[PDB]
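One structure is given here, and the rest of the page talks about it.
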Amino acid sequence: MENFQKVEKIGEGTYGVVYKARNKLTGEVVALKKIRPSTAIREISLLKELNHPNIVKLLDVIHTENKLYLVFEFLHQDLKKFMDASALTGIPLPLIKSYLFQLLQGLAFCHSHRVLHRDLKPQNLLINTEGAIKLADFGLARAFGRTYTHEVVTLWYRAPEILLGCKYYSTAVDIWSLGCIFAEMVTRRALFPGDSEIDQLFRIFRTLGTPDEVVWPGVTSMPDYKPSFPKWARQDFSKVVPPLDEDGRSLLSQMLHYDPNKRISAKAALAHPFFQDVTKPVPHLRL
Ligand SMILES: O=C(Cc1ccc(OC(F)(F)F)cc1)Nc1cc(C2CC2)n[nH]1
C-alpha cells in the first residue's frame with residue numbers, strides 16, 4: 001500500500017471505505033477499497049479474470065496485515081449522483097435506453113460465467129464522459145457476505161424471492177434490481193423505497209399485486225411467506241412508469257415478473273424490440 005497516495009475519499013462502501021488514489025509507479029489514478037478468510041481470497045482472485053467493458057475493472061487484490069485492499073478502475077461519477085443532477089429535466093430517454101442496454105450486456109456476460117452481483121443499486125453503477133456505464137462491486141456479496149459505518153444497506157432494489165427467504169437465489173435477482181433502476185431513471189423517483197423488509201415487500205405487493213400460486217407456483221411454501229399477508233390487486237404499468245412507451249413497459253413487466261423462472265434473462269432482454277433504435281449518446285457531465 002506504500003505504492004498509493006490517497007487523493008480524496010469517494011465514500012463509505014458496504015464493506016469499507018473507498019478512496020480515490022494515485023499509483024506512484026505507473027502514475028495510474030484508481031479507486032482503492034479497504035475491506036476490514038481464505039475462501040474470500042480465492043473468490044475475489046477469480047473476479048480479476050471476469051473482464052468486460054461494462055464491468056468496473058478489478059486491477060489488483062492486496063492482502064496485508066489482516067487487511068484486504070481492492071484496487072479498481074476509477075470512474076468520475078456514479079448513477080445516483082447523475083440522477084440527482086438530472087432531477088429537474090430527467091435523463092433523456094435515448095440515454096436511459098443506452099444505459100439499460102449496456103448494463104444488460106454486463107449482466108449477460110457475468111451470468112454466462114455463473115457470477116451474480118446480488119446488490120445492484122444506482123450507487124454502484126459508474127459512468128464516464130464517453131457514454132459508458134459499468135457495474136461495480138460484481139461478485140463481492142458472495143465473496144464476503146448495516147455497513148462498517150453503521151449506514152443502512154438499501155432494500156429498494158431487492159428481489160421478492162430474497163425478501164421471502166429463498167436461500168439459493170438465481171441470476172434473476174439482478175434482472176429485478178435493474179428493472180427497479182430502469183423505472184427510477186424514467187420517473188425520477190424510486191419504484192419501491194421500502195424502509196424495512198416488510199415495508200419493502202408490501203410496497204412491491206401494492207404495485208404488482210400480492211403474489212399467489214397462479215402467478216408464482218411455490219410462493220406460498222417460501223420460508224418467510226405468511227398466509228396473513230394482505231391481498232392487494234395489481235396496477236397497470238401505464239400508471240407506474242408514465243411516459244414510457246409500450247416497448248419499454250413490456251420489457252419492464254418481464255424484468256419484474258414475480259416467478260424468477262419466468263423473469264426475462266439478460267440475453268433475452270437484449271433481443272427485446274425496445275432496443276431496435278438503441279444508440280450511444282454522450283451524457284452532459286460537469287466534473
Ligand atoms: O464512485 C465513484 C464516483 C465518484 C468519483 C469521485 C468522487 O469524489 C471524489 F473525487 F472522490 F472526491 C465521488 C464519487 N467512482 C469509482 C468507484 C470505483 C470502484 C470502487 C468501485 N471506481 N470509480
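As shown in the C-alpha cells, the chain order sets the letters A, B, ...; within each chain, residues go from 1, and ligands are also counted from 1 in the order they appear.
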Checklist entry - When DSSP works through the backbone of this structure, what residues of segment 61-258 of chain A end up as strand (DSSP E or B), shown as a PyMOL selection string? => result chain A and resi 61-64+67-73+77-78+125-127+133-135
For the selection you just gave me, I'd like the residues written to a file as a PDB file, in the first residue's frame, keeping C-alpha atoms.
ATOM      1  CA  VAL A  61      -6.057  -7.607  -4.828  1.00  0.00           C
ATOM      2  CA  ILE A  62      -3.695  -6.791  -1.927  1.00  0.00           C
ATOM      3  CA  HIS A  63      -3.772  -8.799   1.365  1.00  0.00           C
ATOM      4  CA  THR A  64      -1.528  -7.332   4.126  1.00  0.00           C
ATOM      5  CA  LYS A  67      -6.409  -6.023   5.863  1.00  0.00           C
ATOM      6  CA  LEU A  68      -7.649  -6.542   2.314  1.00  0.00           C
ATOM      7  CA  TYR A  69      -7.403  -3.845  -0.379  1.00  0.00           C
ATOM      8  CA  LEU A  70      -9.132  -3.976  -3.729  1.00  0.00           C
ATOM      9  CA  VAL A  71      -7.723  -1.750  -6.482  1.00  0.00           C
ATOM     10  CA  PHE A  72     -10.296  -0.802  -9.116  1.00  0.00           C
ATOM     11  CA  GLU A  73     -10.522   1.249 -12.275  1.00  0.00           C
ATOM     12  CA  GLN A  77     -19.365   9.754 -11.440  1.00  0.00           C
ATOM     13  CA  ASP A  78     -21.993   7.301 -10.198  1.00  0.00           C
ATOM     14  CA  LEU A 125     -23.334   1.949 -11.428  1.00  0.00           C
ATOM     15  CA  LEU A 126     -20.466   4.146 -12.659  1.00  0.00           C
ATOM     16  CA  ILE A 127     -20.409   6.401 -15.699  1.00  0.00           C
ATOM     17  CA  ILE A 133     -21.887   2.756 -17.826  1.00  0.00           C
ATOM     18  CA  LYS A 134     -20.263   0.000 -15.747  1.00  0.00           C
ATOM     19  CA  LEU A 135     -21.266  -2.370 -12.939  1.00  0.00           C
TER      20      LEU A 135
END
Rows by chain and residue number, chain A within 10 Å of ligand 1, shortest pair, only C-alpha atoms and all ligand atoms, as CSV:
residue,atom,partner,partner_atom_place_in_ligand_line,distance
A:6,CA,ligand 1,11 (F),9.8
A:7,CA,ligand 1,11 (F),7.5
A:8,CA,ligand 1,11 (F),5.0
A:9,CA,ligand 1,11 (F),4.9
A:10,CA,ligand 1,11 (F),3.6
A:11,CA,ligand 1,13 (C),6.6
A:12,CA,ligand 1,1 (O),9.7
A:13,CA,ligand 1,20 (C),8.0
A:17,CA,ligand 1,20 (C),9.2
A:18,CA,ligand 1,20 (C),6.1
A:19,CA,ligand 1,11 (F),6.5
A:20,CA,ligand 1,11 (F),5.3
A:21,CA,ligand 1,11 (F),8.9
A:29,CA,ligand 1,23 (N),9.6
A:30,CA,ligand 1,22 (N),6.8
A:31,CA,ligand 1,22 (N),4.8
A:32,CA,ligand 1,20 (C),6.5
A:33,CA,ligand 1,20 (C),6.1
A:34,CA,ligand 1,20 (C),9.8
A:55,CA,ligand 1,21 (C),9.9
A:56,CA,ligand 1,19 (C),6.8
A:57,CA,ligand 1,19 (C),8.4
A:58,CA,ligand 1,19 (C),8.4
A:70,CA,ligand 1,20 (C),8.1
A:71,CA,ligand 1,20 (C),7.7
A:72,CA,ligand 1,19 (C),5.2
A:73,CA,ligand 1,22 (N),5.2
A:74,CA,ligand 1,23 (N),3.5
A:75,CA,ligand 1,23 (N),4.0
A:76,CA,ligand 1,5 (C),4.3
A:77,CA,ligand 1,3 (C),3.9
A:78,CA,ligand 1,3 (C),4.8
A:79,CA,ligand 1,3 (C),8.6
A:80,CA,ligand 1,3 (C),9.5
A:81,CA,ligand 1,14 (C),8.2
A:82,CA,ligand 1,3 (C),10.0
A:123,CA,ligand 1,1 (O),7.4
A:124,CA,ligand 1,21 (C),6.8
A:125,CA,ligand 1,1 (O),8.3
A:126,CA,ligand 1,15 (N),6.2
A:127,CA,ligand 1,3 (C),8.0
A:128,CA,ligand 1,3 (C),9.5
A:134,CA,ligand 1,22 (N),9.4
A:135,CA,ligand 1,21 (C),8.4
A:136,CA,ligand 1,21 (C),4.9
A:137,CA,ligand 1,21 (C),5.9
A:138,CA,ligand 1,21 (C),9.1
A:287,CA,ligand 1,6 (C),8.7
Checklist entry - Residues at most 12 Å from residue 253 of chain A, counting only C-alpha atoms, excluding those fewer than 2 positions away in the same chain, as a VMD selection string? => result chain A and resid 175 to 176 178 to 180 182 to 183 207 to 208 234 to 238 240 to 241 244 246 to 251 255 to 259 262 to 264 269
Next on the checklist: Ranking A:4, A:99, A:202, A:275 by minimum distance to residue 130 of chain A and counting only C-alpha atoms, which one comes first?
Outcome noted: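 For residue 130 of chain A, the nearest of the given residues is A:99.
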Item to check | Contact residues around residue 198 of chain A with only C-alpha atoms at 10 Å, ignoring same-chain residues under 5 positions, as a VMD selection string | outcome: chain A and resid 163 to 164 203 to 204 229
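Using only C-alpha atoms, the protein and nucleic acid residues lying no more than 10 Å from residue 158 of chain A, apart from those fewer than 5 places from it along its own chain, are residues 118, 119, 120, 121, 163, 173, 174, 176, 177, 180, 192, 194, 197, 200 and 201 of chain A.
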Next on the checklist: For a test of reading the model, state the distance in Å between atom CA of residue 85 of chain A and atom CA of residue 106 of chain A, rounded to one decimal.
Outcome noted: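 Rounded to one decimal, the two atoms are 24.6 Å apart.
The gap separating atom CA of residue 144 of chain A from atom CA of residue 45 of chain A is 12.6 Å, in Å to one decimal.
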Next on the checklist: Just checking: using only C-alpha atoms, which residue out of A:160, A:92, A:260, A:165 ends up closest to residue 187 of chain A?
Outcome noted: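 Counting only C-alpha atoms, the residue closest to residue 187 of chain A is A:92.
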Checklist outcome for this item: Shortest contact to residue 95 of chain A, candidates A:170, A:220, A:26, A:279, atoms counted only C-alpha atoms, goes to A:279
Next on the checklist: Residues within 12 Å of residue 227 of chain A, please, as a PyMOL selection string. Count only C-alpha atoms; anything in the same chain fewer than 3 positions from it doesn't count.
Outcome noted: chain A and resi 210-213+219-224+230-231
Could you write those residues out with N, CA and C atoms, as a tab-separated table (two decimals), in the first residue's frame?
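So the final result, stored in selection_33.tsv, reads:
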chain	number	residue	atom	x	y	z
A	210	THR	N	-50.48	-8.84	-4.66
A	210	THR	CA	-49.93	-9.86	-3.75
A	210	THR	C	-49.76	-11.15	-4.56
A	211	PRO	N	-48.55	-11.76	-4.57
A	211	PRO	CA	-48.35	-12.97	-5.36
A	211	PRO	C	-49.07	-14.16	-4.77
A	212	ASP	N	-49.56	-15.00	-5.68
A	212	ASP	CA	-50.27	-16.21	-5.29
A	212	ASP	C	-49.74	-17.38	-6.12
A	213	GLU	N	-50.31	-18.58	-5.91
A	213	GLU	CA	-49.82	-19.74	-6.65
A	213	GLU	C	-50.07	-19.68	-8.15
A	219	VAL	N	-44.79	-20.08	-4.30
A	219	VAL	CA	-44.60	-18.88	-3.45
A	219	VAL	C	-45.11	-19.12	-2.01
A	220	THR	N	-46.27	-19.80	-1.85
A	220	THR	CA	-46.90	-19.97	-0.54
A	220	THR	C	-46.09	-20.92	0.37
A	221	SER	N	-45.10	-21.64	-0.16
A	221	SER	CA	-44.29	-22.52	0.70
A	221	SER	C	-42.97	-21.85	1.13
A	222	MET	N	-42.63	-20.66	0.56
A	222	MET	CA	-41.38	-19.97	0.82
A	222	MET	C	-41.20	-19.67	2.29
A	223	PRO	N	-39.93	-19.64	2.78
A	223	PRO	CA	-39.71	-19.58	4.24
A	223	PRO	C	-40.41	-18.43	4.96
A	224	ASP	N	-40.40	-17.21	4.35
A	224	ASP	CA	-40.99	-16.08	5.04
A	224	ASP	C	-42.35	-15.69	4.45
A	230	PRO	N	-51.67	-9.12	3.46
A	230	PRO	CA	-52.85	-8.50	2.81
A	230	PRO	C	-52.85	-8.80	1.31
A	231	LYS	N	-54.05	-8.85	0.72
A	231	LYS	CA	-54.21	-9.19	-0.68
A	231	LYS	C	-54.55	-7.93	-1.47
Residue 150 of chain A surroundings by only C-alpha atoms, 12 Å radius, close-in-sequence under 2 positions cut, as an mmCIF file with N, CA and C atoms, in the first residue's frame:
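Written output follows (selection.cif):
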data_model
loop_
_atom_site.group_PDB
_atom_site.id
_atom_site.type_symbol
_atom_site.label_atom_id
_atom_site.label_comp_id
_atom_site.auth_asym_id
_atom_site.auth_seq_id
_atom_site.Cartn_x
_atom_site.Cartn_y
_atom_site.Cartn_z
ATOM 1 N N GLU A 12 -18.169 5.778 1.670
ATOM 2 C CA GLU A 12 -18.232 4.640 2.551
ATOM 3 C C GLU A 12 -19.017 3.566 1.839
ATOM 4 N N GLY A 13 -18.322 2.505 1.448
ATOM 5 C CA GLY A 13 -18.947 1.378 0.769
ATOM 6 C C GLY A 13 -19.650 0.476 1.761
ATOM 7 N N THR A 14 -20.108 -0.692 1.294
ATOM 8 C CA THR A 14 -20.775 -1.681 2.148
ATOM 9 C C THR A 14 -19.753 -2.365 3.065
ATOM 10 N N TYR A 15 -18.583 -2.701 2.504
ATOM 11 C CA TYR A 15 -17.547 -3.453 3.207
ATOM 12 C C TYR A 15 -16.460 -2.580 3.846
ATOM 13 N N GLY A 16 -16.223 -1.404 3.281
ATOM 14 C CA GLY A 16 -15.229 -0.478 3.803
ATOM 15 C C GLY A 16 -15.178 0.844 3.072
ATOM 16 N N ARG A 146 -26.155 -3.535 8.197
ATOM 17 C CA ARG A 146 -25.554 -2.202 8.153
ATOM 18 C C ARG A 146 -24.139 -2.252 7.634
ATOM 19 N N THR A 147 -23.625 -1.109 7.128
ATOM 20 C CA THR A 147 -22.243 -1.003 6.645
ATOM 21 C C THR A 147 -21.283 -0.901 7.849
ATOM 22 N N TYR A 148 -19.962 -0.861 7.590
ATOM 23 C CA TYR A 148 -18.917 -0.713 8.604
ATOM 24 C C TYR A 148 -19.054 0.635 9.384
ATOM 25 N N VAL A 152 -27.455 2.150 6.845
ATOM 26 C CA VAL A 152 -28.401 1.103 6.473
ATOM 27 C C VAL A 152 -28.184 0.685 5.025
ATOM 28 N N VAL A 153 -28.088 -0.626 4.792
ATOM 29 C CA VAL A 153 -27.950 -1.148 3.430
ATOM 30 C C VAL A 153 -29.352 -1.066 2.789
#
Checklist entry - What are the DSSP alpha helix (DSSP H) residues of segment 17-217 of chain A, as an MDAnalysis selection string? => result chainID A and resid 38:47 79:85 93:112 140:144 160:163 172:187 197:208
